[PDB]
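Residue numbers (this note's numbering), protein chains in the order written: chain R, 22 to 462; chain U, 599 to 888; chain L, 10 to 185; chain E, 38 to 88; chain X, 185 to 287; chain V, 83 to 122; chain F, 10 to 39.
Reading through the structure tokens given below for one structure.
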Amino acid sequence: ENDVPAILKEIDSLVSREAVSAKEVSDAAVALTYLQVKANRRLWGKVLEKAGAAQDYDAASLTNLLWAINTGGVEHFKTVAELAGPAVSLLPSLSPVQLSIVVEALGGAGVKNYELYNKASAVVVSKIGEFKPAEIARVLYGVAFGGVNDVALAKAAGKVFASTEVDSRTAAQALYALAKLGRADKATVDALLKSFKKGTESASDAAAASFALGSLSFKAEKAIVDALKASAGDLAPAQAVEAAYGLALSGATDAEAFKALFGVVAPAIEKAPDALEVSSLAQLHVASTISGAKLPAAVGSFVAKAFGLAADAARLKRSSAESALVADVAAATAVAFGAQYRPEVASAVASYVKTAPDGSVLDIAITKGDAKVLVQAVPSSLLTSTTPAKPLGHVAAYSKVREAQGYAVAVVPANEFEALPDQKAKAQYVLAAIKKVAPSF
Amino acid sequence: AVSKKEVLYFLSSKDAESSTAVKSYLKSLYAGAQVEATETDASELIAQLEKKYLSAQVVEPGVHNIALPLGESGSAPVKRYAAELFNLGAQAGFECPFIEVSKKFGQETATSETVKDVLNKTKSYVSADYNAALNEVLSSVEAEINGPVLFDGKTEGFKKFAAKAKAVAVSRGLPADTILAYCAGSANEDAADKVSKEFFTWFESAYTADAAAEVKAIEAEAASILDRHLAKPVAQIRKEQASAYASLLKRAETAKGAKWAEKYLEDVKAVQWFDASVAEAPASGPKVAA
Amino acid sequence: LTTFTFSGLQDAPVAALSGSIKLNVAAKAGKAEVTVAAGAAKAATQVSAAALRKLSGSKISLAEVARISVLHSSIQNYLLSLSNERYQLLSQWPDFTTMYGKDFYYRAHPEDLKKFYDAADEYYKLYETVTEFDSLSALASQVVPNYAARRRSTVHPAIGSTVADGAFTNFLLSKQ
Amino acid sequence: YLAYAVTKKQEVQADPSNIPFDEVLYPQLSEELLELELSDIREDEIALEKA
Amino acid sequence: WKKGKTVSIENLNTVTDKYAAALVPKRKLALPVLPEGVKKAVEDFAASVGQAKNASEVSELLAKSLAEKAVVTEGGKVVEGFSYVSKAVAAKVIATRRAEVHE
Amino acid sequence: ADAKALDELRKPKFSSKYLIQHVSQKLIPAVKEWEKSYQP
Amino acid sequence: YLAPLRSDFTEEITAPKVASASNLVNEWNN
């Protein structure tokens with residue numbers, strides 16, 4: 022009468038034949054998300070095997086497949102990035118309702134296809150009244166996580182989000198896109214914050230606007246953080262970290278959220294500590310420090326050690342225009358402390374490379390007695406991509422974690438530091454940044 | 599085990615045997631182990647040599663996990679193959695190929711004051727058909743000024759060459775007016791966005807034209823390997839490949855105690871497991887525990 | 010996939026496009042009564058709009074179980090696909106066994122029959138070596154080490170000439 | 038596949054009607070293989086008819 | 185065999201039936217095997233007249249009398265009016281001619 | 083015996099990764115002591 | 010099926026040296 026393990030076996034026989042067309046591998050994939058078949062991984066793999074083997078593709082069967090890959094939580098980069106072949110060829114034949122699901126699924130997997138996004142943005146900005154505001158939050162999500170810094174769509178999206186009313190999930194997809202691009206223009210972010218007044222249908226849109234408001238560093242909206250006080254059981258433990266990290270970056274004092282959000286992660290780390298990556302474990306050490314909501318002693322000691330690991334991986338794999346900047350800021354902080362010759366400048370910058378107490382390496386770590394001042398340089402990758410060009414929310418994360426370790430972090434951005442004409446003027450901007458943070462230096 | 603610097607490269611990496619030793623290292627720190635200090639020494643010659651041989655331990659399993667798009671129709675299997683090599687280089691610590699090869703030019707020609715010298719130190723990294731097309735344009739400008747063209751740029755004799763070498767670049771097919779305006783930028787972000795979208799149109803057409811030439815050479819290598827192999831009798835083939843298999847096992851079994859040869863022969867056992875798990879149930883494939 | 014996904018039960022597929030499996034949903038405001046029907050099985054569940062959002066919380070992360078490598082399997086698949094293009098022209102060889110009779114033996118010149126029995130001895134050599142498919146795995150490992158050493162470049166794995174030419178004009182036609 | 042081929046080759050090789058007889062397939066040939074050996078005898082008989 | 189596909193055993197067997205269809209000769213003697221459905225019609229009838237210890241030899245004379253008058257079939261159809269000279273018949277034509285030129 | 087895993091079945095087998103590692107474990111500690119004992 | 014292990018880097022950037030077409034299709038058609 023109603024049998025789920027019987028219909029999985031007959032979908033398993035459907036995608037196991039030899040001449041499976043596109044329309045049934047679309048419909049086997051759609052049927053696997055509606056039945057929530059995360060536990061059977063090979064049956065999902067048999068579908069994605071025959072999905073890349075299909076040569077015919079129309080506009081309806083492609084978007085049913087890309088919807089099912091996207092909401093199914095299924096990632097395989099080889100199959101999904103090879104689906105941009107049918108997506109580019111069928112792009113005039115696609116409706117604006119369906120063209121959003123194509124760019125959201127290919128963008129959300131990180132498919133590096135520039136002529137797809139250069140063509141799928143030129144459709145949206147040319148006929149923008151044809152697109153519902155929920156259908157423009159997906160193309161904005163698609164070009165953002167596909168690696169395109171398209172501001173021609175991001176400016177034209179702000180005209181729609183300030184005129185037409187959007188949903189709770191629509192704005193949070195549009196905020197999560199803007200946090201990836203790093204734009205933070207207050208004429209659009211507050212137009213997306215007037216949508217969190219109806220209460221959220223999901224927990225994921227409350228958690229994603231948390232990460233997006235924190236990494237753009239605006240503040241909490243007080244309905245987004247109150248949505249996390251009761252629905253913090255609908256989130257994965259990697260999804261609950263980026264919620265609390267984005268709350269601690271946005272200056273949240275609501276400890277009833279941090280009590281609930283850490284109730285997801287701290288059992289999961291004690292379940293399997295290897296489950297979350299170190300890029301996500303370091304975001305939990307930020308969240309348990311700034312709002313101060315304490316973790317278990319087995320977890321918080323382990324997560325603090327995972328901030329030392331994730332900071333050196335950002336230092337070992339440094340962008341080498343940051344290394345050309347950090348070695349320039351370390352030189353200009355040697356001129357400010359007094360060194361007019363080249364052998365006495367360079368003899369000082371080798372002494373500033375003290376080790377942080379969690380095992381990390383700080384590039385400019387200066388001590389006068391017991392008062393420690395860290396100088397942190399943030400080149401362009403951590404700056405907002407607009408014309409004010411203020412640093413993103415993650416530099417406050419790196420400040421307040423070292424500040425709880427005993428340092429007075431003097432942050433110097435490279436849109437300001439490298440605008441100076443000479444080296445002693447670079448030294449006075451560094452010394453003005455140290456006196457603003459630590460007045461005894 | 600890992601020596602605390604290999605494990606920092608394998609955090610962002612996604613290959614299996616590097617994600618197995620990170621998850622073994624992350625399980626140790628949960629069981630009360632102290633993370634060691636990251637070494638605050640090893641000067642810039644040693645440090646860029648450690649980066650060379652640690653990126654090579656992230657690249658080398660990642661290349662073997664990327665399926666070549668051999669004999670496929672369209673550009674999207676070639677763009678999948680280039681995008682998989684980009685994300686592999688980003689995981690191995692490289693920057694964009696545009697940023698990483700322009701760093702290679704500025705490193706090779708830090709001291710070259712004449713433009714004949716930058717054509718002779720960056721000869722390994724630029725095309726020999728394009729190194730020659732800029733050496734002919736060099737001698738056409740070397741004849742006019744009757745002097746070595748210096749590598750300064752604000753000299754008007756430089757842009758006697760630089761406006762002529764720009765005509766070569768559009769003749770080769772690449773828009774140099776678009777490439778130069780991307781790395782310099784503009785004031786407003788609206789007119790910087792339309793020169794960005796015309797640069798990445800070239801850039802995506804540059805690596806896909808470079809990945810496909812790397813694919814069309816593997817297609818042509820395997821086709822000339824096969825047609826040399828289809829001309830033999832079978833008894834020649836079976837004893838030529840059993841000899842090369844035996845010469846390569848005795849290469850791995852004389853060296854013992856090495857980590858590479860112990861892991862080589864552990865993979866010989868893992869191929870034999872794959873052939874044994876298919877013979878149990880060939881309709882389902884190898885037995886994967888889940 | 011990213012950390013947060015924003016699709017499910019809104020602009021969703023409402024019906025199947027195939028005949029081998031039939032799909033019907035009941036798009037309500039709160040939940041959805043979906044009926045999935047494939048052949049001799051029928052299953053009808055009810056999924057809410059907030060239950061499809063917990064679906065993409067934990068990721069599937071499909072990966073290929075290969076015999077040697079995913080790279081090596083892609084070269085062997087090409088050698089198998091090239092060995093078919095030669096097998097298809099051994100498929101169009103004329104039937105020489107219809108001329109093995111003694112009424113073709115004795116009408117023929119004795120050297121034009123030696124050449125015929127050697128043309129038949131050659132087909133069994135060409136056919137036995139195009140169907141030696143167990144030798145393609147050791148042929149694909151002759152392409153791998155020269156390819157993998159090219160991707161072990163000191164610049165980048167994905168560097169080529171067209172990128173390095175266009176980045177040389179940005180190096181040369183700028184100042185210094 | 039080899040199990041079908043060993044019982045299809047035996048299905049024609051156990052049948053005794055499929056035994057190839059050169060006298061039945063090639064009738065003009067088997068009367069010429071006779072007059073190779075009978076013509077060699079007739080040359081030995083003309084040598085004795087002359088003697 | 186198709187380009188990405190797999191060859192089926194019902195097509196590998198159809199090919200093998202074309203190899204064994206070349207093992208039948210184009211013109212063959214229909215040497216008739218006596219089936220056991222009619223062979224036990226003889227020996228049980230020869231057990232009815234009490235001569236069952238020579239019932240085995242009455243069957244072989246039924247088989248041989250069908251065998252010495254065998255007909256030649258080309259394509260299933262018999263070619264009547266066809267005479268063939270055996271290699272045991274032609275070897276006595278050689279042997280009596282060798283013996284009378286030796287005499 | 084059978085049914086090994088998934089996370090160790092995803093390993094590319096005959097990549098180098100350990101002949102590369104054998105060099106860097108015999109080049110890096112052998113070149114650390116080259117430049118600390120280096121006189122023209 | 011196994012290959013020799015190499016530990017060497019590619020310092021140059023060259024075109025990947027396309028090999029020329031074999032005559033096996035024209036020989037087998039001869």
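Built from N, CA and C at the ideal position, the CB exists for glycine as well.
Residues that DSSP places opposite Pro412 (chain R) in a beta bridge: R:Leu404
Among the candidates F:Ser31, F:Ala24, F:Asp17, F:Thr23, whose CA atom is the shortest distance from the CA of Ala158 (chain L)? F:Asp17
Could you give the DSSP three-state label for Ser116 (chain R): helix, strand or coil? coil
Please list the residues of the region 690-708 of chain U that have a C-beta atom closer than 9 Å to any C-beta atom in chain L, keeping them in chain order. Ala690, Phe692, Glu693, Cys694, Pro695, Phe696, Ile697, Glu698, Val699, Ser700, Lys701, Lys702, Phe703, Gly704, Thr707
Compare the C-alpha of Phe182 (chain R) against each of R:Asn170, R:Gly167, R:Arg159 and name the closest. R:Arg159
Give, in chain order, every residue of the region 52-69 of chain R whose Cβ lies closer than 7 Å to some Cβ of chain L. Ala52, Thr54, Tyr55, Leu56, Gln57, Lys59, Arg62, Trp65, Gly66, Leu69
Between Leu66 (chain E) and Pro119 (chain L), what straight-line distance do the alpha-carbon atoms span, to the nearest angstrom? 17 Å
What's the gap between the Cα of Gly687 (chain U) and the Cα of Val320 (chain R)? 32 Å
Cβ-based contacts, 7 Å cut-off: residues of the region 217-234 of chain X near chain E: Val217
Proximity test, Cβ basis, 8 Å: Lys118 (chain V) and chain C: Although the question refers to chain C, the structure presented lacks it and instead comprises the protein chains R, U, L, E, X, V and F.
4-residue-minimum alpha helix (DSSP H) runs that sit fully inside the region 840-873 of chain U, ordered along the chain: none
Give the range of the alpha helix (DSSP H) segment to which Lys719 (chain U) is assigned. 713-719
Tell me where the alpha helix (DSSP H) around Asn33 (chain L) begins and ends. Where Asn33 (chain L) is concerned, there is no enclosing alpha helix (DSSP H), although the beta strand (DSSP E) it sits in stretches over 31-36.
Using a C-beta cutoff of 8 Å, does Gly672 (chain U) count as contacting chain R? yes
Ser106 (chain V): first and last residue of the uninterrupted beta strand (DSSP E) it sits in: Run containing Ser106 (chain V): none in the beta strand (DSSP E); it sits in the alpha helix (DSSP H), 101-117.
Sort out for me which residues DSSP pairs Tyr428 (chain R) with in a bridge. R:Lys393
So, does the CB of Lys87 (chain E) fall closer than 8 Å to a CB anywhere in chain X? no
In the DSSP assignment, the beta strand (DSSP E) including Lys701 (chain U) goes from what residue to what residue? Here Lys701 (chain U) belongs to no beta strand (DSSP E); instead the alpha helix (DSSP H) covers 695-706.
If we define contact as Cβ-Cβ less than 8 Å, is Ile110 (chain V) a contact residue for chain F? no
Span separating the alpha-carbon of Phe797 (chain U) from that of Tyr135 (chain R): 10 Å
Beta-bridge partners of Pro434 (chain R), as assigned by DSSP: R:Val399
Does any C-beta atom of chain L lie closer than 8 Å to the C-beta of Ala204 (chain X)? no
Report yes or no: is there a C-beta of chain L within less than 8 Å of the C-beta of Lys187 (chain X)? yes
Check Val43 (chain L) in the structure and name its three-state DSSP category. strand
Best match in R:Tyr362, R:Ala228, R:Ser271 for proximity to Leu237 (chain R) [C-alpha to C-alpha]: R:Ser271
Proximal residues of chain R, C-beta to C-beta of residue 892 (chain U) below 9 Å: A query on residue 892 (chain U) cannot be resolved here, the shown segment of chain U reaching from 599 to 888 and no further.
Rounded C-alpha distance that separates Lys95 (chain V) from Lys625 (chain U): 25 Å
Is the shortest distance between the beta-carbon of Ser822 (chain U) and the beta-carbons of chain F less than 8 Å? yes
For a cutoff of 8 Å on Cβ pairs, would you count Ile69 (chain L) as touching chain U? no
Taking a contact to mean a Cβ-Cβ separation below 8 Å, would you say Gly284 (chain R) touches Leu234 (chain R) in this structure? no
In chain V, which residues lie less than 9 Å from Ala72 (chain L) when you measure between Cβ atoms? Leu88, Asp89, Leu91, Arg92
Taking the Cβ atom as the reference point for each residue, do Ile84 (chain L) and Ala820 (chain U) lie within a distance shorter than 8 Å? yes
Using 10 angstroms around the beta-carbon of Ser420 (chain R), count the other beta-carbons present and answer buried if the total reaches 16, otherwise exposed. buried
What number of angstroms, rounded off, separates the C-alpha of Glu615 (chain U) from the C-alpha of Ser710 (chain U)? 44 Å
By a C-beta neighbour count over all protein chains shown, 10 Å radius and 16 as the cutoff for buried, is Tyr109 (chain L) buried or exposed? exposed
Chain F residues whose Cβ lies nearer than 8 Å to that of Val105 (chain V): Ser16
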